[PDB]
file query.tsv (TSV, C-alpha atoms and all ligand atoms)
chain	number	residue	atom	x	y	z
O	30	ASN	CA	29.77	-3.41	-48.85
O	31	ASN	CA	31.70	-3.89	-52.12
O	32	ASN	CA	32.62	-1.01	-54.44
O	33	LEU	CA	34.05	-2.98	-57.33
O	34	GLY	CA	32.04	-1.44	-60.21
O	35	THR	CA	30.65	-4.89	-61.11
O	36	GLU	CA	27.37	-5.03	-59.11
O	37	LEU	CA	23.91	-5.33	-60.64
O	38	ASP	CA	21.89	-2.20	-61.23
O	39	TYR	CA	18.27	-2.45	-60.10
O	40	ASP	CA	17.12	0.59	-62.09
O	41	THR	CA	18.13	-1.13	-65.36
O	42	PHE	CA	15.38	-3.24	-66.96
O	43	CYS	CA	16.13	-5.61	-69.82
O	44	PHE	CA	13.22	-6.87	-71.93
O	45	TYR	CA	13.22	-10.66	-71.96
O	46	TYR	CA	11.26	-13.09	-74.10
O	47	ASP	CA	10.41	-16.62	-72.89
O	48	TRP	CA	8.63	-17.77	-76.04
O	49	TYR	CA	11.38	-19.94	-77.60
O	50	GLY	CA	10.90	-23.68	-77.86
O	51	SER	CA	12.71	-26.84	-78.90
O	52	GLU	CA	11.15	-29.99	-80.25
O	53	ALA	CA	12.65	-31.99	-77.40
O	54	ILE	CA	11.35	-29.88	-74.53
O	55	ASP	CA	8.31	-28.05	-76.00
O	56	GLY	CA	7.22	-30.28	-78.90
O	57	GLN	CA	8.05	-27.62	-81.52
O	58	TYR	CA	10.90	-25.14	-82.21
O	59	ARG	CA	8.52	-22.40	-81.09
O	60	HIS	CA	9.33	-18.88	-82.31
O	61	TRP	CA	12.50	-20.07	-84.09
O	62	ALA	CA	9.75	-21.05	-86.56
O	63	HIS	CA	7.57	-18.01	-87.27
O	64	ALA	CA	5.06	-16.82	-89.84
O	65	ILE	CA	6.30	-14.22	-92.29
O	66	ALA	CA	4.11	-11.14	-92.09
O	67	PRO	CA	2.39	-9.94	-95.27
O	68	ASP	CA	3.17	-6.42	-96.40
O	69	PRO	CA	0.40	-4.16	-95.01
O	70	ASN	CA	0.78	-2.03	-98.20
O	71	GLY	CA	1.34	-4.99	-100.61
O	72	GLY	CA	-2.18	-5.86	-101.74
O	73	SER	CA	-4.28	-9.02	-101.63
O	74	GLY	CA	-3.33	-12.59	-102.34
O	75	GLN	CA	0.08	-12.56	-100.65
O	76	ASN	CA	1.28	-15.98	-99.53
O	77	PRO	CA	4.29	-14.93	-97.47
O	78	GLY	CA	4.81	-18.35	-95.93
O	79	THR	CA	6.72	-19.25	-92.81
O	80	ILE	CA	10.26	-19.55	-91.52
O	81	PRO	CA	10.51	-23.23	-90.53
O	82	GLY	CA	12.84	-22.96	-87.52
O	83	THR	CA	15.27	-25.55	-88.82
O	84	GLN	CA	18.91	-25.34	-87.81
O	85	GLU	CA	19.58	-23.66	-91.13
O	86	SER	CA	16.55	-21.28	-91.20
O	87	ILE	CA	15.42	-19.48	-88.06
O	88	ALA	CA	13.23	-16.40	-87.58
O	89	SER	CA	16.07	-13.94	-87.03
O	90	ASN	CA	18.60	-12.08	-89.12
O	91	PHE	CA	21.17	-13.12	-86.43
O	92	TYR	CA	22.01	-16.52	-84.94
O	93	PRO	CA	22.14	-17.29	-81.20
O	94	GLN	CA	25.37	-18.52	-79.61
O	95	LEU	CA	23.14	-20.89	-77.62
O	96	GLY	CA	21.43	-22.24	-80.77
O	97	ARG	CA	17.71	-22.97	-81.06
O	98	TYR	CA	17.19	-23.02	-77.33
O	99	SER	CA	14.15	-23.68	-75.19
O	100	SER	CA	13.05	-20.98	-72.80
O	101	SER	CA	11.90	-23.90	-70.58
O	102	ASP	CA	15.41	-25.44	-70.35
O	103	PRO	CA	16.75	-24.76	-66.84
O	104	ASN	CA	20.29	-25.00	-68.14
O	105	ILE	CA	19.63	-22.20	-70.70
O	106	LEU	CA	18.04	-20.12	-67.98
O	107	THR	CA	21.15	-20.50	-65.83
O	108	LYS	CA	23.28	-19.25	-68.72
O	109	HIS	CA	20.96	-16.33	-69.34
O	110	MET	CA	21.18	-15.27	-65.70
O	111	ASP	CA	24.97	-15.39	-65.92
O	112	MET	CA	24.67	-13.13	-69.01
O	113	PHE	CA	22.53	-10.67	-67.00
O	114	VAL	CA	25.25	-10.65	-64.33
O	115	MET	CA	27.87	-9.90	-67.02
O	116	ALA	CA	25.69	-7.07	-68.35
O	117	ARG	CA	24.99	-5.71	-64.84
O	118	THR	CA	21.28	-5.61	-65.67
O	119	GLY	CA	19.47	-6.22	-62.39
O	120	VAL	CA	15.89	-6.50	-63.63
O	121	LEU	CA	14.52	-8.97	-66.16
O	122	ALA	CA	11.32	-7.51	-67.69
O	123	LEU	CA	9.46	-10.66	-68.72
O	124	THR	CA	7.02	-10.68	-71.66
O	125	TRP	CA	3.61	-11.78	-70.41
O	126	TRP	CA	0.92	-12.89	-72.84
O	127	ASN	CA	-1.69	-14.35	-70.46
O	128	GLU	CA	-1.48	-17.74	-72.11
O	129	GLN	CA	-3.32	-19.50	-69.25
O	130	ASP	CA	-1.36	-22.67	-69.75
O	131	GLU	CA	0.64	-24.86	-67.54
O	132	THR	CA	3.77	-24.62	-69.69
O	133	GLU	CA	3.73	-20.74	-69.13
O	134	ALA	CA	3.31	-21.21	-65.43
O	135	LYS	CA	6.24	-23.62	-65.34
O	136	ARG	CA	8.46	-21.22	-67.29
O	137	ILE	CA	7.70	-18.26	-65.06
O	138	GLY	CA	8.59	-20.25	-61.97
O	139	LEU	CA	11.82	-21.50	-63.52
O	140	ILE	CA	12.81	-17.95	-64.50
O	141	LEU	CA	12.11	-16.57	-61.01
O	142	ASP	CA	14.11	-19.37	-59.41
O	143	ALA	CA	17.08	-18.99	-61.75
O	144	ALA	CA	17.06	-15.21	-61.38
O	145	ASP	CA	17.11	-15.41	-57.60
O	146	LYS	CA	20.26	-17.57	-57.63
O	147	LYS	CA	22.08	-14.59	-59.17
O	148	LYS	CA	20.20	-11.85	-57.26
O	149	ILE	CA	18.38	-10.77	-60.42
O	150	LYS	CA	14.85	-9.43	-60.07
O	151	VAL	CA	11.86	-10.05	-62.35
O	152	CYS	CA	9.03	-7.76	-63.36
O	153	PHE	CA	6.30	-8.33	-65.94
O	154	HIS	CA	5.83	-6.69	-69.34
O	155	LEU	CA	2.07	-6.87	-69.88
O	156	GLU	CA	1.43	-7.56	-73.54
O	157	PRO	CA	-1.71	-6.82	-75.66
O	158	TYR	CA	-3.43	-10.14	-75.01
O	159	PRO	CA	-6.93	-10.78	-76.42
O	160	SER	CA	-9.64	-8.54	-74.95
O	161	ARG	CA	-7.18	-6.94	-72.55
O	162	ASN	CA	-9.07	-4.32	-70.56
O	163	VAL	CA	-8.72	-2.68	-67.15
O	164	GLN	CA	-10.91	-5.27	-65.38
O	165	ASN	CA	-9.00	-8.32	-66.53
O	166	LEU	CA	-5.75	-6.36	-66.11
O	167	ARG	CA	-6.68	-5.81	-62.47
O	168	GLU	CA	-7.53	-9.48	-62.09
O	169	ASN	CA	-4.21	-10.46	-63.67
O	170	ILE	CA	-2.19	-8.02	-61.55
O	171	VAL	CA	-3.89	-9.50	-58.47
O	172	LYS	CA	-3.03	-13.00	-59.71
O	173	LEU	CA	0.61	-12.18	-60.44
O	174	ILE	CA	1.16	-10.41	-57.11
O	175	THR	CA	-0.63	-13.21	-55.22
O	176	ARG	CA	1.26	-16.01	-57.02
O	177	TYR	CA	4.70	-14.45	-57.22
O	178	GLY	CA	4.81	-11.53	-54.79
O	179	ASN	CA	6.51	-13.49	-52.05
O	180	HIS	CA	9.12	-14.94	-54.38
O	181	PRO	CA	12.51	-13.43	-53.47
O	182	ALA	CA	13.15	-12.44	-57.10
O	183	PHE	CA	9.89	-10.49	-57.49
O	184	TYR	CA	10.88	-6.89	-58.22
O	185	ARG	CA	9.87	-4.01	-55.97
O	186	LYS	CA	10.79	-0.35	-56.07
O	187	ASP	CA	10.24	1.42	-52.71
O	188	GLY	CA	7.91	-1.43	-51.77
O	189	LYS	CA	5.84	-1.47	-54.97
O	190	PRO	CA	5.80	-3.97	-57.82
O	191	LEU	CA	6.34	-2.48	-61.30
O	192	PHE	CA	4.67	-3.35	-64.60
O	193	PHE	CA	5.43	-2.18	-68.13
O	194	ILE	CA	2.28	-1.94	-70.25
O	195	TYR	CA	2.95	-2.49	-73.95
O	196	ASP	CA	0.70	-0.66	-76.43
O	197	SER	CA	-1.11	1.01	-73.52
O	198	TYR	CA	-2.69	3.44	-76.00
O	199	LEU	CA	-5.03	0.62	-77.08
O	200	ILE	CA	-6.99	1.37	-73.84
O	201	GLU	CA	-8.56	4.78	-73.39
O	202	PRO	CA	-7.46	7.04	-70.52
O	203	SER	CA	-11.03	7.03	-69.19
O	204	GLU	CA	-10.68	3.27	-68.66
O	205	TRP	CA	-7.17	3.54	-67.21
O	206	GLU	CA	-8.40	6.13	-64.70
O	207	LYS	CA	-10.75	3.53	-63.20
O	208	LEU	CA	-7.76	1.32	-62.37
O	209	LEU	CA	-5.06	3.90	-61.69
O	210	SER	CA	-6.57	7.03	-60.16
O	211	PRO	CA	-6.80	6.86	-56.36
O	212	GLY	CA	-10.53	7.48	-56.84
O	213	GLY	CA	-11.00	5.03	-59.64
O	214	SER	CA	-13.92	2.62	-59.60
O	215	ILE	CA	-11.60	-0.41	-59.47
O	216	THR	CA	-8.48	1.30	-58.20
O	217	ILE	CA	-5.35	-0.52	-57.18
O	218	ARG	CA	-4.10	2.57	-55.33
O	219	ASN	CA	-3.84	2.09	-51.55
O	220	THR	CA	-4.57	-1.63	-51.94
O	221	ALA	CA	-2.45	-4.73	-51.54
O	222	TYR	CA	-2.15	-4.74	-55.32
O	223	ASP	CA	-0.80	-1.24	-55.85
O	224	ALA	CA	2.06	-1.07	-58.39
O	225	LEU	CA	4.11	1.31	-60.48
O	226	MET	CA	2.42	1.27	-63.88
O	227	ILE	CA	4.67	2.32	-66.76
O	228	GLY	CA	2.81	3.13	-69.97
O	229	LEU	CA	4.17	3.34	-73.51
O	230	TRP	CA	4.88	6.89	-74.73
O	231	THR	CA	4.53	6.74	-78.53
O	232	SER	CA	3.70	9.96	-80.38
O	233	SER	CA	3.96	13.72	-79.89
O	234	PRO	CA	3.66	15.51	-76.54
O	235	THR	CA	0.31	17.05	-77.55
O	236	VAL	CA	-1.17	13.54	-77.50
O	237	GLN	CA	1.02	11.77	-74.92
O	238	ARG	CA	1.10	14.33	-72.13
O	239	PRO	CA	-2.69	14.36	-71.54
O	240	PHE	CA	-2.84	10.57	-72.15
O	241	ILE	CA	-0.33	9.87	-69.38
O	242	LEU	CA	-1.86	12.36	-66.96
O	243	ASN	CA	-5.46	11.36	-67.58
O	244	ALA	CA	-4.62	7.63	-67.43
O	245	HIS	CA	-2.81	8.08	-64.09
O	246	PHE	CA	0.25	6.13	-65.15
O	247	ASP	CA	3.17	6.34	-62.74
O	248	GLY	CA	5.62	6.66	-65.60
O	249	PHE	CA	6.39	5.88	-69.19
O	250	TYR	CA	8.82	4.01	-71.40
O	251	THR	CA	9.46	4.07	-75.16
O	252	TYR	CA	10.33	0.45	-76.09
O	253	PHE	CA	11.39	0.72	-79.71
O	254	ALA	CA	15.04	0.05	-80.37
O	255	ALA	CA	14.97	1.82	-83.75
O	256	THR	CA	15.70	5.53	-83.41
O	257	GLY	CA	13.04	7.70	-84.96
O	258	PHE	CA	10.43	4.95	-85.26
O	259	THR	CA	8.20	7.04	-82.97
O	260	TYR	CA	8.57	10.45	-81.32
O	261	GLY	CA	9.25	8.60	-78.10
O	262	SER	CA	12.05	6.51	-79.63
O	263	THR	CA	13.79	9.63	-80.99
O	264	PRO	CA	16.53	10.25	-78.42
O	265	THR	CA	16.83	13.99	-79.08
O	266	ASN	CA	13.40	14.24	-77.43
O	267	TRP	CA	14.52	12.60	-74.19
O	268	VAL	CA	15.77	15.72	-72.38
O	269	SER	CA	12.37	17.38	-72.82
O	270	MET	CA	10.47	14.19	-72.00
O	271	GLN	CA	12.45	13.90	-68.77
O	272	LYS	CA	11.78	17.57	-67.91
O	273	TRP	CA	8.06	16.98	-68.33
O	274	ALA	CA	8.22	13.75	-66.29
O	275	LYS	CA	9.98	15.50	-63.42
O	276	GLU	CA	7.49	18.41	-63.49
O	277	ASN	CA	4.55	15.96	-63.34
O	278	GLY	CA	5.85	13.41	-60.82
O	279	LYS	CA	6.26	10.68	-63.47
O	280	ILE	CA	9.03	8.12	-63.90
O	281	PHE	CA	10.62	8.15	-67.38
O	282	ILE	CA	12.35	4.91	-68.35
O	283	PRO	CA	13.69	5.46	-71.89
O	284	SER	CA	14.42	2.33	-73.90
O	285	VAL	CA	17.79	1.88	-75.57
O	286	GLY	CA	18.89	-0.85	-77.94
O	287	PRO	CA	21.86	-1.94	-80.00
O	288	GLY	CA	20.22	-1.96	-83.45
O	289	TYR	CA	17.14	-3.18	-85.28
O	290	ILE	CA	16.44	-5.51	-88.17
O	291	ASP	CA	13.37	-7.69	-88.64
O	292	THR	CA	13.41	-8.45	-92.36
O	293	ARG	CA	13.36	-12.28	-92.06
O	294	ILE	CA	9.86	-12.01	-90.52
O	295	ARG	CA	8.88	-8.63	-92.08
O	296	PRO	CA	10.67	-8.47	-95.48
O	297	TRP	CA	8.87	-5.23	-96.34
O	298	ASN	CA	10.08	-3.43	-93.20
O	299	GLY	CA	13.59	-2.51	-94.31
O	300	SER	CA	13.18	1.21	-93.62
O	301	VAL	CA	13.25	0.42	-89.86
O	302	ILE	CA	16.70	-1.20	-90.09
O	303	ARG	CA	19.25	0.44	-87.80
O	304	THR	CA	22.82	-0.79	-88.32
O	305	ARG	CA	24.86	-1.76	-85.25
O	306	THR	CA	28.17	-0.27	-86.54
O	307	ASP	CA	30.36	-2.35	-84.17
O	308	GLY	CA	28.54	-0.95	-81.15
O	309	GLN	CA	28.46	2.72	-82.12
O	310	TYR	CA	24.66	2.76	-82.45
O	311	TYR	CA	24.20	1.27	-78.97
O	312	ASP	CA	26.73	3.71	-77.51
O	313	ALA	CA	24.99	6.70	-79.02
O	314	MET	CA	21.56	5.66	-77.76
O	315	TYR	CA	22.73	4.74	-74.25
O	316	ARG	CA	24.63	8.02	-73.96
O	317	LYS	CA	21.46	9.98	-74.84
O	318	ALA	CA	19.49	8.20	-72.13
O	319	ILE	CA	22.13	8.92	-69.50
O	320	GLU	CA	22.51	12.55	-70.64
O	321	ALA	CA	18.76	13.08	-70.31
O	322	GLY	CA	19.21	12.63	-66.55
O	323	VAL	CA	16.76	9.77	-66.08
O	324	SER	CA	16.46	7.59	-62.99
O	325	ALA	CA	15.98	4.28	-64.79
O	326	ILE	CA	16.74	2.83	-68.21
O	327	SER	CA	15.21	-0.05	-70.14
O	328	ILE	CA	17.03	-2.16	-72.72
O	329	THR	CA	15.32	-3.41	-75.89
O	330	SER	CA	16.24	-6.24	-75.75
O	331	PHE	CA	17.87	-9.22	-74.15
O	332	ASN	CA	16.57	-11.67	-76.75
O	333	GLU	CA	13.99	-10.30	-79.20
O	334	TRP	CA	15.79	-12.22	-81.96
O	335	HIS	CA	13.06	-11.58	-84.52
O	336	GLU	CA	13.69	-7.85	-84.36
O	337	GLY	CA	17.48	-7.90	-84.20
O	338	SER	CA	17.51	-5.83	-81.02
O	339	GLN	CA	19.10	-8.51	-78.84
O	340	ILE	CA	22.18	-8.09	-76.65
O	341	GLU	CA	22.33	-11.86	-76.10
O	342	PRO	CA	25.43	-13.38	-77.72
O	343	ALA	CA	25.22	-14.13	-81.44
O	344	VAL	CA	27.68	-16.06	-83.57
O	345	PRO	CA	28.66	-16.04	-87.21
O	346	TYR	CA	26.70	-18.60	-89.21
O	347	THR	CA	26.21	-19.31	-92.83
O	348	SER	CA	23.89	-22.12	-93.67
O	349	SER	CA	22.66	-23.49	-96.95
O	350	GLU	CA	19.49	-21.41	-96.44
O	351	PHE	CA	20.66	-18.01	-95.11
O	352	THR	CA	23.76	-15.98	-94.39
O	353	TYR	CA	23.17	-14.51	-90.95
O	354	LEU	CA	24.38	-11.19	-89.66
O	355	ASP	CA	26.76	-11.31	-86.70
O	356	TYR	CA	28.58	-9.00	-84.31
O	357	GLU	CA	31.17	-8.25	-87.01
O	358	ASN	CA	34.42	-7.01	-85.54
O	359	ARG	CA	33.09	-7.52	-82.06
O	360	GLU	CA	33.08	-10.77	-80.11
O	361	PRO	CA	29.79	-12.63	-79.32
O	362	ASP	CA	29.59	-11.25	-75.75
O	363	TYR	CA	30.42	-7.69	-76.76
O	364	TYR	CA	26.94	-6.33	-76.20
O	365	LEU	CA	26.81	-7.85	-72.69
O	366	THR	CA	30.11	-6.29	-71.70
O	367	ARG	CA	29.22	-2.98	-73.41
O	368	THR	CA	25.97	-2.95	-71.44
O	369	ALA	CA	28.05	-3.32	-68.27
O	370	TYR	CA	30.15	-0.33	-69.39
O	371	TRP	CA	27.04	1.81	-69.83
O	372	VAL	CA	25.48	0.64	-66.57
O	373	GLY	CA	28.65	1.91	-64.89
O	374	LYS	CA	28.35	5.28	-66.63
O	375	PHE	CA	24.69	5.44	-65.65
O	376	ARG	CA	25.56	4.71	-62.01
O	377	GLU	CA	28.28	7.29	-62.01
O	378	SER	CA	25.61	9.84	-63.15
O	379	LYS	CA	22.76	8.72	-60.90
O	401	LIG	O1	8.28	-1.99	-87.19
O	401	LIG	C1	7.37	-2.97	-86.68
O	401	LIG	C2	7.07	-2.84	-85.19
O	401	LIG	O2	6.00	-3.74	-84.92
O	401	LIG	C3	5.53	-3.71	-83.58
O	401	LIG	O3	4.99	-2.43	-83.25
O	401	LIG	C4	3.67	-2.12	-83.70
O	401	LIG	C5	2.87	-1.62	-82.50
O	401	LIG	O4	2.92	-2.61	-81.47
O	401	LIG	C6	3.47	-0.30	-82.07
O	401	LIG	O5	2.75	0.29	-80.98
O	401	LIG	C7	3.47	0.70	-83.21
O	401	LIG	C8	4.10	2.03	-82.83
O	401	LIG	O6	3.89	3.04	-83.80
O	401	LIG	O7	4.21	0.18	-84.31
O	401	LIG	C9	3.73	-1.06	-84.79
O	401	LIG	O8	2.44	-0.94	-85.35
O	401	LIG	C10	6.68	-4.07	-82.65
O	401	LIG	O9	6.86	-5.48	-82.88
O	401	LIG	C11	7.96	-3.18	-82.88
O	401	LIG	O10	9.16	-3.43	-82.01
O	401	LIG	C12	8.30	-3.26	-84.37
O	401	LIG	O11	9.36	-2.35	-84.58
O	402	LIG	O1	7.39	-6.84	-75.79
O	402	LIG	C1	6.73	-5.80	-76.54
O	402	LIG	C2	6.74	-6.12	-78.03
O	402	LIG	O2	8.14	-6.30	-78.36
O	402	LIG	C3	8.33	-6.43	-79.77
O	402	LIG	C4	7.63	-7.68	-80.28
O	402	LIG	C5	6.15	-7.61	-79.93
O	402	LIG	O3	5.50	-8.85	-80.29
O	402	LIG	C6	5.02	-8.88	-81.62
O	402	LIG	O4	6.04	-9.11	-82.58
O	402	LIG	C7	6.70	-10.37	-82.46
O	402	LIG	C8	7.75	-10.44	-83.56
O	402	LIG	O5	8.88	-9.62	-83.30
O	402	LIG	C9	5.70	-11.53	-82.63
O	402	LIG	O6	6.37	-12.77	-82.40
O	402	LIG	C10	4.60	-11.34	-81.59
O	402	LIG	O7	3.59	-12.33	-81.77
O	402	LIG	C11	3.97	-9.96	-81.70
O	402	LIG	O8	3.29	-9.85	-82.96
O	402	LIG	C12	5.97	-7.38	-78.45
O	402	LIG	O9	4.58	-7.17	-78.17
call {"tool": "encode", "arguments": {"input": "query.tsv", "output": "structure tokens"}}
result
Amino acid sequence: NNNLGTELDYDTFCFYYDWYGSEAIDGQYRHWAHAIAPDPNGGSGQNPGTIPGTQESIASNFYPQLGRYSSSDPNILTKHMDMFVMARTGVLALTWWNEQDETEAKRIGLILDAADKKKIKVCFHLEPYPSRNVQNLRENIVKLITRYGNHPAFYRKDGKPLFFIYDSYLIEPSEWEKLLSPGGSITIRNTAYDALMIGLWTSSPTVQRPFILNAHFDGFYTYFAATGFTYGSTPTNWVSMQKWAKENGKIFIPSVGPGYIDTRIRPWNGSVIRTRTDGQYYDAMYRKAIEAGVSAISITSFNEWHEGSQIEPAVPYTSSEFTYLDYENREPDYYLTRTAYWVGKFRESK
């Protein structure tokens, strides 16, 4: 029955990426090495090349305290779960790409096991995998609930699993309705595979309100850590988004993050940079979410190192190939402990 102000919050979801590899464990320094994206407005014949994922040159503007780690290393996973405990983030929202490979399956099991040791829960963030559609989504939801639903770390809210659906707008509401209306042709409602389905609110209310209603989503999130990147990721809209959610029986889970920078992998994307300012950016965004009066908050991200949105500890590093950004006047674990601060403020408000 403790009341220490240190406990995990199970309405706080932190987006987690399990796609990092090491040569030793995975055969390649996966994701630390990454293709550089061509400029979509830069014309033909670009040869942007690749970041090689050497110790000196990784696919991030920051540098992990844990180095070029493997997401399959149980010892890294232990450390990450201890970081979630420090942050008070009770739910790990795991990227899920439907890779259909044994190394994926192994990783997911390792993450569930490590999470449970620290009473962390896991939900899935369903990514835009090839030919994703409501039929294979249903099949995959069935598979995930069947495989993992009895694992003690599998997240439930009032008895239901929860999924975040990235880029949900890539599927028409008429298709979503088949899966998510109680009357839908292939409904999950009232079945063993029912779940809270949280779609991505992107653009203006004139588009998103009917999308969400007609698709029969249970709620919506915003993902992007960069303020103003979309209507949904503009925090001054969050009070009105929450009002609409409450009026329509939907769960709004705004996404907050500490900054954004992706110019190692997208050199042309500098206008999306959002400076961390020693934590002031994160504070401002988190405060807006709490002030909007929401029931749940998502954090972009634990470890999306390519996009510079991570709260995972980063260290100063200057190599012969790149001078990395770092947490400046703040210590490496600052964003974990600042997350814990905001989780406490959120709980005080709840
Ligand atoms: O700024 C780049 C942006 O790229 C990716 O987002 C793309 C797509 O998935 C989003 O739905 C739309 C929203 O308007 O933007 C892009 O086309 C993500 O990797 C994102 O975090 C990143 O900022
Ligand atoms: O988890 C939702 C999205 O989060 C942002 C990253 C995005 O993946 C794309 O971008 C990354 C680079 O940041 C690439 O490594 C991926 O292959 C993908 O293009 C997630 O979908």
call {"tool": "closest_residue", "arguments": {"input": "query.tsv", "among": "O:86, O:214, O:271, O:197", "to": "ligand LIG 401 (chain O)", "atoms": "all atoms listed in the file"}}
result
O:197
call {"tool": "closest_atom_pairs", "arguments": {"input": "query.tsv", "of": "chain O", "to": "ligand LIG 402 (chain O)", "cutoff": "10 Å", "atoms": "all atoms listed in the file", "output": "tab-separated table"}}
result
residue	atom	partner	partner_atom	distance
O:44	CA	O:LIG402	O1	7.0
O:45	CA	O:LIG402	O1	8.0
O:46	CA	O:LIG402	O1	7.5
O:48	CA	O:LIG402	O6	8.4
O:49	CA	O:LIG402	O6	10.0
O:59	CA	O:LIG402	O6	10.0
O:60	CA	O:LIG402	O6	6.8
O:61	CA	O:LIG402	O6	9.7
O:62	CA	O:LIG402	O6	9.9
O:63	CA	O:LIG402	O6	7.3
O:64	CA	O:LIG402	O6	8.6
O:65	CA	O:LIG402	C8	9.6
O:66	CA	O:LIG402	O8	9.3
O:88	CA	O:LIG402	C8	9.0
O:89	CA	O:LIG402	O5	9.2
O:122	CA	O:LIG402	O1	9.0
O:123	CA	O:LIG402	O1	8.3
O:124	CA	O:LIG402	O1	5.7
O:125	CA	O:LIG402	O1	8.2
O:126	CA	O:LIG402	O9	8.6
O:154	CA	O:LIG402	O1	6.6
O:155	CA	O:LIG402	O1	8.0
O:156	CA	O:LIG402	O9	5.6
O:157	CA	O:LIG402	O9	6.8
O:158	CA	O:LIG402	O9	9.1
O:193	CA	O:LIG402	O1	9.2
O:194	CA	O:LIG402	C1	8.6
O:195	CA	O:LIG402	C1	5.7
O:196	CA	O:LIG402	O9	7.8
O:229	CA	O:LIG402	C1	10.0
O:252	CA	O:LIG402	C1	7.2
O:253	CA	O:LIG402	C3	7.8
O:254	CA	O:LIG402	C3	9.3
O:290	CA	O:LIG402	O5	9.9
O:291	CA	O:LIG402	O5	7.2
O:294	CA	O:LIG402	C8	7.4
O:295	CA	O:LIG402	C8	8.8
O:329	CA	O:LIG402	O2	8.1
O:330	CA	O:LIG402	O2	8.5
O:333	CA	O:LIG402	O5	6.6
O:334	CA	O:LIG402	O5	7.5
O:335	CA	O:LIG402	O5	4.8
O:336	CA	O:LIG402	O5	5.2
O:337	CA	O:LIG402	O5	8.8
O:338	CA	O:LIG402	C3	9.3
call {"tool": "closest_residue", "arguments": {"input": "query.tsv", "among": "O:344, O:358, O:82, O:140", "to": "residue 108 of chain O", "atoms": "all atoms listed in the file"}}
result
O:140
call {"tool": "residues_around", "arguments": {"input": "query.tsv", "residues": "residue 171 of chain O", "least_positions_apart": "2", "cutoff": "12 Å", "atoms": "only C-alpha atoms", "output": "list in words"}}
result
residues 164, 165, 166, 167, 168, 169, 173, 174, 175, 176, 177, 178, 190, 215, 216, 217, 220, 221, 222, 223 and 224 of chain O
call {"tool": "atom_distance", "arguments": {"input": "query.tsv", "atom1": "atom CA of residue 354 of chain O", "atom2": "atom CA of residue 300 of chain O"}}
result
17.2 Å
call {"tool": "atom_distance", "arguments": {"input": "query.tsv", "atom1": "atom CA of residue 378 of chain O", "atom2": "atom CA of residue 324 of chain O"}}
result
9.4 Å
call {"tool": "build_atoms", "arguments": {"input": "query.tsv", "residues": "segment 174-186 of chain O", "atoms": "N, CA and C atoms", "output": "compact mmCIF listing (two decimals), in the frame of the given file"}}
result
# COMPACT_ATOMS: atom_id res chain seq x y z
N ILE O 174 0.64 -10.79 -58.43
CA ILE O 174 1.16 -10.41 -57.11
C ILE O 174 0.87 -11.52 -56.09
N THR O 175 -0.30 -12.14 -56.16
CA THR O 175 -0.63 -13.21 -55.22
C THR O 175 0.28 -14.41 -55.42
N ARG O 176 0.49 -14.81 -56.68
CA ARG O 176 1.26 -16.01 -57.02
C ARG O 176 2.73 -15.83 -56.75
N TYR O 177 3.25 -14.67 -57.15
CA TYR O 177 4.70 -14.45 -57.22
C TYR O 177 5.23 -13.39 -56.27
N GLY O 178 4.36 -12.64 -55.60
CA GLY O 178 4.81 -11.53 -54.79
C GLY O 178 5.71 -11.85 -53.63
N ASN O 179 5.62 -13.07 -53.13
CA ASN O 179 6.51 -13.49 -52.05
C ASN O 179 7.76 -14.19 -52.55
N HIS O 180 7.92 -14.34 -53.87
CA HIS O 180 9.12 -14.94 -54.38
C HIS O 180 10.26 -13.92 -54.18
N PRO O 181 11.43 -14.38 -53.72
CA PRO O 181 12.51 -13.43 -53.47
C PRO O 181 13.00 -12.64 -54.69
N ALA O 182 12.76 -13.15 -55.90
CA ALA O 182 13.15 -12.44 -57.10
C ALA O 182 12.11 -11.46 -57.62
N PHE O 183 10.93 -11.40 -57.01
CA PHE O 183 9.89 -10.49 -57.49
C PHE O 183 10.33 -9.05 -57.26
N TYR O 184 10.37 -8.26 -58.33
CA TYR O 184 10.88 -6.89 -58.22
C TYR O 184 9.97 -5.96 -57.43
N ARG O 185 10.57 -5.15 -56.56
CA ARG O 185 9.87 -4.01 -55.97
C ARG O 185 10.77 -2.80 -55.97
N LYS O 186 10.14 -1.65 -56.17
CA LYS O 186 10.79 -0.35 -56.07
C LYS O 186 10.08 0.40 -54.95
